[PDB]
Amino acid sequence: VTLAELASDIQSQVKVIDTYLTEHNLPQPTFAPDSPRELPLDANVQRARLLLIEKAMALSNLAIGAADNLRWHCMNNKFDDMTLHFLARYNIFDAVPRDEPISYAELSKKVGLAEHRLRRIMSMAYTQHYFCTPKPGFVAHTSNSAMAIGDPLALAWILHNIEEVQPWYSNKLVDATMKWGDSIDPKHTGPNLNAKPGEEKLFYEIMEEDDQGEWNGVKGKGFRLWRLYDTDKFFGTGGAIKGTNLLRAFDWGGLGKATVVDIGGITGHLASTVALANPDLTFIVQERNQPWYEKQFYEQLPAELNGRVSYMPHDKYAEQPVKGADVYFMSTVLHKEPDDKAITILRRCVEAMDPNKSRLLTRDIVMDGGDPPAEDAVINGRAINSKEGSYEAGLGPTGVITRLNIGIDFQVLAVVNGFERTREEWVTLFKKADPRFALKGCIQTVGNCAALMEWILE
Amino acid sequence: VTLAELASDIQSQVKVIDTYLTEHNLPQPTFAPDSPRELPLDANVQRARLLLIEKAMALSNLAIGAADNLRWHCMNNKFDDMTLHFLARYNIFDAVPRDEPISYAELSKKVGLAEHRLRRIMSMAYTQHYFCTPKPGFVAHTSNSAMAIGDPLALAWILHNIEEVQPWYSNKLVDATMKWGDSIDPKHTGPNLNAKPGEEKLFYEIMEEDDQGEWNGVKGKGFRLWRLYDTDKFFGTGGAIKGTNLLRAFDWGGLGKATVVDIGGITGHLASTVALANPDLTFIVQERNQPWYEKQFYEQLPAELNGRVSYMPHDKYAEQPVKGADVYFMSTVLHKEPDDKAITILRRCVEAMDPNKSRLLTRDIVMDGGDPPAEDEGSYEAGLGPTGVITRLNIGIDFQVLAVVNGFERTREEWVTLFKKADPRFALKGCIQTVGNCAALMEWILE
Ligand SMILES: C=C[C@@H]1C[C@H](C)C[C@H](C)[C@H]1c1c(O)cc[nH]c1=O
Ligand SMILES: C=C[C@@H]1C[C@H](C)C[C@H](C)[C@H]1c1c(O)cc[nH]c1=O
């Protein structure tokens, strides 16, 4: 591919998006804080968007050239993370007013970062379109920075990656690989590289047991796990894997009066999303208890739910105490479970299921991709705006959704030696748990990286 | 700005590059291993290139949207670094044939990385155009990965940042700032967060004293400093700060028969580049000695130089032993020196200079930009401005010296002020920055 070929492809993708926004009288995305944070969910818009990102990243890569890419990368990449580290730890998103500029001098006093160093930090952020300088000596928000205003969940995601995953796990993953090999054992991780055998600590042990800190209303024991739960909510409120996309990948309203068992449902934010939109559903959120869990669980659930979402302490490997429920639901649980642990969980579910009335629903990454929601299946436009070679838009070796999938694949690899699966690996795994399992649906909305898979016992 | 405006701007810049390459019958850049690794040095091509990168990065950012940018960045960014970490530590660049595919199974046996994890590593590399998969189960090089074949300097740059700068310094820079403030003391850095007052360790002390390792022909003491020296060479051999760009920013041949004193010249690769192109110049490389330095210095020195490049041990803060030389040369030295330390070095140079026969030349970042060589839209020159690609590289180096030694980059006015404090006779006669380069060649004289 050449520079001109990529630039020509990019124009094709923009025409699709630009036309849709104009024909529907929808605001254009910009870098202003008032910009829309997402493009429309229309499948053709999203397919064009995903290819546009892929082509645009390739264009910048090709124009930088082979000589400068590795050179520039090792110099700059790590400092985009450190810039977000400064912005989070110094609470700079909240200190910069959303709709009006602020001078470096005033911002320096508000956050307690010396002005000279503050200017250097902000200048790096500008290059990735986080904040801008509208006039000399002044800082203003952009769309990318304004989304984090007043949102501790965004700050949780910054700090969890830069202060935990990266220094403790991903930076030591090479050493972990040469010491233990290609492992699926959560003990074979960074923090245990120099641990005496028997004294290893697991990632989730550190999360729930460390008490030397505080986070967003939780003081002492488990503050890291509470921050981890905040980052789980962060991916539910917006973006690729937003919770409301669940409503588009399964006919929740078709269940009528029904009970859903949310195995491993964190704090129930996902259950809360589906239940608010479906007044006839009951959700039992099953999760391991924590000293702060029950008080926080009930402070944050919307009161209009009238107790339809409730918390039941439960060990996911133990016998399922709710028998014959309409749906047993696991969201991004099994991608942290090797085959033998996942088969244990799936067999616990099968025991409680009525094969003629119960469904098993999982949201997980399907590495080779799920299917679009039926109405989006037929490609009504040009292939250049919906297909990269033989792969669906967003997939393939340089696909943007492929990239996000691998990023999550690496995330569970780093912390617990988990892994993502293909569709055939999922079907094989469920059939090992019980040969009666059959995949009736594998729905992945365009722009989403996770698929909602509905399993039944035939 | 909107998606359509950026895409239209991109077409304008690509047109410049596409036309120049066609009208001069030059090969197009691609991702194939045989691709040209750089675009032509023509200033207009480079200006279009720099704006093109800036416009393309804005386009991908805008298309990702505000909701997904922060969510995706903190998920994937750090794993682009880790992927290169695996590729370097497992020697995968060299194990994949340049012009031939290799299967995952065969590559796994060659590098000792189980095939399943190898596939996961390679798949992430693909998304940033490092390697590709031309057929199921097979790996091939791209242009971005082929540049590192047989090049230990490339691997040194990967390992220096991910195994040293990032875990020891940049990761801890927030903590460093809250413990010591906006400091300029090289002791007030990451590794010393829990050090007792007085027993702090300096970055270059760790570099030259650690012996628990080995790198590229150096075993034991100083292996990290030798690896650091390799990464300094790495930026000379190609790309933005390539050594040959010096030949375009100063009339070296105009010096005639002359001697250059290279203060802080690492291993002399920069001197070797200028001296090979100018047979009438002598270079004295002045640098702090190391047990492995002298043997390594002369083995890597091109024999064609006939000793015109020589090593003289010297403390940059001490009296300059070479009097009245034609040029006193410091490349990316002073950006690691606070004002008072830098003034000390400059005054050492002034003492040895003949004001009527000596020049002082520095290569350093000019944060607001230098001027282009003779021959060569908003308020900023291409590559500069708050989202400029060269601005980004400048800040990255600014952050690099900030992390390791609490250094900082300067604007042109800050440079002039600093030299005049050292000696009021100093005058900036030239501040030449080739387009596509981030460093400027500054020529100082004593009036
Ligand atoms: C906190 C939730 C994040 C959400 C993203 C989507 C995926 C990621 C594996 C997940 C996560 C864990 O599940 C567990 C540990 N560390 C994590 O980062
Ligand atoms: C090793 C040389 C690199 C080259 C790049 C161009 C500039 C960077 C500040 C430099 C560097 C040092 O000078 C010193 C310590 N650590 C570094 O990374």
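Chain identifiers are assigned alphabetically (A, B, ...) following the order of the sequence lines, protein sequences preceding nucleic acid strands; residue numbering begins at 1 within each chain. Each ligand, and each atom within it, is numbered from 1 in the order the structure gives. Scope of the values below: all heavy atoms of this structure, side chains included, with no hydrogens, waters or symmetry mates.
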Logged contact type for A:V416 with ligand 1, heavy-atom cut-off 4.0 Å, is neither
In this structure, atom 5 (C) of ligand 1 is nearest to the protein heavy atom B:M75 CE, 3.7 Å
Check: Are there more than 12 heavy atoms of other residues, nucleotides or ligands under 6.0 Å from atom CZ of B:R37?
Finding: no
Looking at atom 14 (C) of ligand 2, tell me if a protein heavy atom falls under 4.0 Å from it. yes
Check whether A:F234 forms a cation-pi arrangement with B:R71 (NZ or CZ under 6.0 Å from the six-membered ring centre, at most 45° off the ring normal). yes
Is atom 1 (C) of ligand 1 touching the protein, meaning some protein heavy atom lies under 4.0 Å away? yes
Discussion item. Looking at A:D210 and A:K221, is there a salt bridge between them, counting it only when a charged N and a carboxylate O are closer than 4.0 Å?
Written reply: no
Nearest non-hydrogen protein atom to atom 8 (C) of ligand 2, with distance, is B:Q400 CG, 4.2 Å
Under 4.0 Å between heavy atoms, the region of B:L228 that gets near ligand 2 turns out to be both
The closest protein heavy-atom partner of atom 16 (N) of ligand 2 is B:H160 NE2, 3.5 Å
Numbered in order shown, the ligand 2 atoms found under 4.0 Å of a heavy atom of B:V401 are 9 (C)
Check: Backbone or side chain, does any N or O of B:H335 fall under 3.5 Å from an N or O of ligand 2?
Finding: no
Quick look: B:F203 vs ligand 2, heavy-atom contacts under 4.0 Å, and the answer is side chain
Contact region, B:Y204 to ligand 2, non-hydrogen atoms below 4.0 Å, reads side chain
Would you say atom 10 (C) of ligand 1 touches the protein, meaning some protein heavy atom is under 4.0 Å from it?
no
Does any N or O of ligand 2 fall below 3.5 Å from an N or O anywhere on B:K336, backbone included? yes
Next on the checklist: Regarding A:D409 and B:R120, does a basic nitrogen lie under 4.0 Å from an acidic carboxylate oxygen?
Outcome noted: yes
